[PDB]
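By convention in this document, chain letters (A, B, ...) are assigned in the order of the sequence lines, proteins followed by strands, and residues within each chain are numbered from 1. Every heavy atom of this structure was used, including side-chain atoms; hydrogens, water molecules and symmetry mates were not.
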Amino acid sequence: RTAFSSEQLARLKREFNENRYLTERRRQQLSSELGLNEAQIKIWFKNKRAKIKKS
Amino acid sequence: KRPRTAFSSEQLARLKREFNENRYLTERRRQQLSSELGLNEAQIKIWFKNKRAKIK
DNA sequence: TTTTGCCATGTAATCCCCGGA
DNA sequence: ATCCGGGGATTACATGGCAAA
């Protein structure tokens with residue numbers, strides 16, 4: 001279970017604020033730039049939406 | 001994965017009768033029907049899924 | 001305070017069904 | 001039947017905090 005770096009967390013949050021649902025292209029670019037697997041990005045966005053739902 | 005299977009006539013008759021009351025199956029009834037029909041629970045789940053799409 | 005013990009909260013991941021193609 | 005990504009719920013585990021001798 002990876003622990004995202006705050007450099008990664010800040011970019012994911014910044015991306016999430018801009019678009020809370022990923023396109024394949026955006027998922028790909030983020031994986032590349034952040035050095036993470038596309039599945040982790042997918043799962044981070046999925047969990048973020050669910051967290052926000054219980055705000 | 002999972003080989004296709006031809007449903008027998010009592011099978012389909014039984015699946016349609018159930019589908020006639022409720023288009024969604026709870027896991028409890030799906031287990032039930034699976035045991036009564038001799039149908040794998042996955043096959044029943046997929047039959048309800050496809051049938052929901054055809055009817056729509 | 002220190003330093004120890006544990007338990008609550010957070011969260012990455014998995015289960016499991018859904019519709020659409 | 002398969003694939004995907006979606007949701008909701010749940011699991012599994014790290015660490016945040018607070019307790020306390």
Side-chain angles (χ1 to χ4, degrees), chain A, chain B residues 2-26 28-56:
Chain A
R1 168 196 173 135
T2 33
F4 301 99
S5 75
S6 67
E7 188 249 38
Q8 289 168 331
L9 293 166
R11 174 62 184 293
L12 285 166
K13 284 179 182 171
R14 200 176 306 117
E15 290 298 313
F16 189 80
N17 280 39
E18 286 309 316
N19 189 5
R20 63 192 184 99
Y21 284 104
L22 294 155
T23 46
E24 183 195 69
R25 184 183 179 66
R26 189 79 232 128
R27 183 174 64 185
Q28 283 181 1
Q29 308 187 355
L30 272 181
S31 162
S32 190
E33 305 160 353
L34 303 183
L36 294 170
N37 302 315
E38 289 182 41
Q40 298 178 290
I41 305 311
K42 192 266 207 189
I43 290 162
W44 186 93
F45 271 68
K46 164 192 172 64
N47 288 323
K48 185 65 165 191
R49 286 187 302 264
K51 203 268 203 81
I52 304 308
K53 259 229 156 162
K54 44 243 294 177
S55 260
Chain B
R2 200 176 300 280
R4 297 181 190 175
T5 193
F7 299 100
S8 78
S9 310
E10 208 281 84
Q11 282 173 351
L12 291 179
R14 200 50 232 289
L15 295 168
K16 283 157 46 206
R17 180 137 194 275
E18 208 70 20
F19 190 81
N20 185 71
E21 298 307 306
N22 193 347
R23 299 181 169 163
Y24 295 90
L25 259 194
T26 58
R28 163 167 118 203
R29 190 59 198 163
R30 194 180 59 191
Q31 289 155 219
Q32 295 247 204
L33 279 189
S34 173
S35 185
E36 291 167 19
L37 302 172
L39 271 187
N40 190 292
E41 270 186 77
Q43 291 289 353
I44 292 171
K45 177 174 74 115
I46 297 295
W47 185 89
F48 267 80
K49 181 188 176 308
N50 287 322
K51 172 103 180 166
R52 276 194 304 267
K54 164 67 55 175
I55 302 301
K56 179 173 185 168

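Between A:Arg1 and D:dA14 there is no side-chain polar atom (N or O) within less than 4.0 angstrom of OP1 or OP2. Distances shorter than 4.0 Å separate none of the side-chain N or O atoms of A:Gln40 from OP1 or OP2 on C:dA12. B:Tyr24 has no side-chain polar atom (N or O) that falls below the 4.0 Å cut-off from OP1 or OP2 of C:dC16.
Nucleotide D:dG8 holds its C1' atom 11 Å from the CG atom of A:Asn47, rounded to whole Å. Protein atom NZ of A:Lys48 is 18 Å distant from nucleotide atom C1' of D:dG7, rounded to whole Å. What separates CD1 of A:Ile43 from P of D:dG8 is a distance of 17 Å, to the nearest Å. The nearest whole Å value for the distance from the CG atom in A:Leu22 to the P atom in D:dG6 is 7 Å. When rounded to the nearest whole Å, the span between CD of B:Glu41 and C1' of D:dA1 equals 17 Å. In this structure, A:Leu9 atom CG and C:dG10 atom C1' are separated by 12 Å, rounded to whole Å. For the pair A:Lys42 NZ and D:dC3 P, the interatomic distance rounds to 14 Å; values are reported in whole Å. As rounded to whole Å, 15 Å separates atom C1' of C:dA13 from atom CG of A:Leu12.
Judged by distance alone, with hydrogens and angles left aside, the side-chain atoms of A:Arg49 form a donor-acceptor pair with the main-chain N or O of A:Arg20 at under 3.5 Å.
Considering every non-hydrogen atom in both B:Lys51 and B:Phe19, the closest pair reads CG-CZ, 3.2 Å.
Across all strands shown, A:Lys51 has heavy atoms under 4.0 Å from sugar-phosphate atoms exclusively, and none from any base. Within 4.0 Å of A:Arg27, counting heavy atoms only, lie sugar-phosphate atoms of the nucleic acid but no base atom.
Atom CG of B:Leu33 is separated from atom CZ of B:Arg17 by 11.0 Å, given to the nearest 0.5 angstrom.
Using Watson-Crick or G-U wobble geometry with both donor-acceptor distances under 3.5 Å, C:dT3 finds its partner in D:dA20.
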Could you walk me through whether A:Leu36 and A:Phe4 pass the side chain to side chain contact (heavy atoms under 4.5 Å, CB included) check?
-> CA-CA 9 Å; A:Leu36 294 170; A:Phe4 301 99; 3.6 Å; yes
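A residue-by-residue look at A:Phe45 and B:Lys49 shows that B:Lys49 has its nearest nucleotide of DNA chain D further toward the 5' end.
Here D:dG7 is the nucleotide among C:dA13, D:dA1, D:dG7 with the atom lying nearest to any side-chain atom of A:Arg49.
Using a cut-off of 4.0 Å between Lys/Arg side-chain N and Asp/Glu carboxylate O, B:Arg14 and B:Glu18 are scored as salt-bridged.
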